[PDB]
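The chains referred to below are lettered A, B, ... by the order of the sequence lines, with proteins before strands, and numbering in each begins at 1. We count ligands from 1, going down the list as the structure has it; atoms in each ligand are counted the same way.
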2 protein chains.
Amino acid sequence: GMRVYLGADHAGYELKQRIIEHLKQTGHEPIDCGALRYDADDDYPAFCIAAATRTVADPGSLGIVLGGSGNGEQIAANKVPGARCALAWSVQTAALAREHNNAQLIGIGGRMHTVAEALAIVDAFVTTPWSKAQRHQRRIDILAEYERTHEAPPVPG
Amino acid sequence: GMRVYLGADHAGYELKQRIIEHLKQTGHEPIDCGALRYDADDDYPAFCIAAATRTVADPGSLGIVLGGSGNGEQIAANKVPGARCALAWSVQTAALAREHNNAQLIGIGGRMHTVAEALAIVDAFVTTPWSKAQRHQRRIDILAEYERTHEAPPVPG
Ligand SMILES: O=C(O)[C@H](O)[C@H](O)COP(=O)(O)O
Ligand SMILES: O=C(O)[C@H](O)[C@H](O)COP(=O)(O)O
């Protein structure tokens, strides 16, 4: 049973309600960071930064941010210190997000998939374990060090 | 004509060389940030941080980071101040990245597409204009203010 913080604007609102319902029925614990109602003009960043911030402050938790394409949403979540948000557009990329990138969050576009395709992406995200492989941890540590100092590391040749 | 900064690890190296050749033949000026040769054990972060840094500091330029899925790469590019890197997995998401998110960069997974599909994603990226619409600019500005102060903007209600 995984804890999952969810964020969404209007474009990903309806899909977010289906995912919250799906996560409850599969033994997980969804927490809604907003939007709590449909509002056609609302802005995605605040909801994505809310979910990503709360995910980082609650180790072991995961996160899902929803928009039209999911791309503005993953960009916003990646600005949060300590957060790593992949865009999942398939079962494979959702699983590789966990296995290789140790991503605590994923973006998904509600306008890009059917309900059944989006829920299969969510399943792979919340069940695929992080591999802990040496090369993957090494890359995560290099990026985290850049996030600490904002001093770009030298390219290897 | 546009300067386009490209970064890639071993997983996106062979596709990066193909994209550099395609950009030369379509009137653009590709600049290789690395890797310059195939090294199977090299790490993506430094190449993506270099491409994203140089893109943001160069007005009118774009950038492309390549990997296996492209997700580790866009995550690294998104840690750079000012950068906005979408994950492009189709012609629609490459075009929407420009139109809606004003993304200076995109990540592409070399293992996820054929060569022909990936080059069509690049074509949509470098030819789709930034819409400059009010709501799109407002959301970019909310996120840039969060980058500056790290003050999470309040959720409506
Ligand atoms: O894809 C995104 O990041 C946004 O959800 C999308 O740009 C919203 O666009 P709108 O619904 O305002 O046309
Ligand atoms: O897609 C990525 O994030 C990386 O390019 C990928 O994890 C590299 O893994 P490797 O090629 O070392 O298996």
Side-chain angles (χ1 to χ4, degrees), chain A residues 7-16 35 38-48 65-77 84-87 89 92-93 95-103 107-112 130-131 133-140 142-143, chain B residues 7-16 35 38-48 65-77 84-89 92-103 107-112 130-131 133-140 142-143:
Chain A
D9 71 355
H10 54 269
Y13 171 76
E14 288 295 340
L15 184 57
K16 166 167 77 72
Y38 186 79
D39 183 354
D41 314 315
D42 66 18
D43 304 340
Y44 62 82
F47 301 115
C48 301
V65 293
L66 286 312
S69 63
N71 265 319
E73 287 72 37
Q74 64 87 353
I75 287 158
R84 294 179 294 284
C85 192
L87 192 80
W89 55 276
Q92 183 178 16
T93 49
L96 289 170
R98 298 292 308 115
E99 191 188 5
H100 288 195
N101 311 124
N102 194 16
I108 311 175
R111 296 164 174 168
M112 305 297 137
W130 151 236
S131 68
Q134 169 175 88
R135 72 191 185 282
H136 294 321
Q137 189 60 60
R138 190 178 56 244
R139 287 149 199 174
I140 285 163
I142 288 160
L143 181 52
Chain B
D9 71 345
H10 53 271
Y13 172 73
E14 296 294 343
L15 178 56
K16 169 165 74 68
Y38 181 84
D39 184 349
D41 314 316
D42 68 7
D43 306 319
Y44 64 82
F47 299 124
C48 300
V65 289
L66 299 310
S69 66
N71 263 310
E73 287 74 32
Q74 61 92 346
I75 285 161
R84 292 177 296 281
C85 191
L87 204 254
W89 57 275
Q92 175 176 225
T93 48
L96 284 165
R98 296 290 306 128
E99 193 203 318
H100 288 200
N101 311 127
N102 197 13
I108 309 175
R111 294 164 178 162
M112 304 302 151
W130 155 231
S131 67
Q134 184 177 55
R135 72 197 188 288
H136 296 324
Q137 183 60 75
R138 192 178 51 242
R139 288 148 200 185
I140 285 154
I142 287 162
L143 182 56

Nearest 0.5 Å, please: how far is [atom2] in [Y] from [atom1] in [X]?
| X | Y | atom1 | atom2 | result |
| --- | --- | --- | --- | --- |
| B/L143 | A/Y44 | CG | OH | 6.5 Å |
| B/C85 | B/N101 | SG | CG | 11.0 Å |
| B/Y38 | B/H10 | OH | NE2 | 6.0 Å |

Could you check A/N71 against B/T93 for side-chain contact (heavy atoms from CB on, under 4.5 Å), going step by step and ending with a plain yes or no?
CA-CA 8 Å; A/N71 265 319; B/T93 48; 4.2 Å; yes
Run the numbers on B/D41 and A/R135 for salt bridge (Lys or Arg N to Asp or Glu O under 4.0 Å), then give the verdict.
CA-CA 8 Å; B/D41 314 316; A/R135 72 191 185 282; over 6 Å; no
Name the residues with a heavy atom less than 4.0 Å from ligand 2?
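Within 4.0 Å of ligand 2, the protein residues are A/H100, A/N101, A/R135, A/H136, A/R139, B/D9, B/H10, B/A11, B/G67, B/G68, B/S69, B/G70, B/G72, B/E73, B/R111.
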Check whether any side-chain heavy atom of B/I140 lies under 4.5 Å from a side-chain heavy atom of B/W130, and answer yes or no.
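Sidechains of B/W130 and B/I140: in contact.
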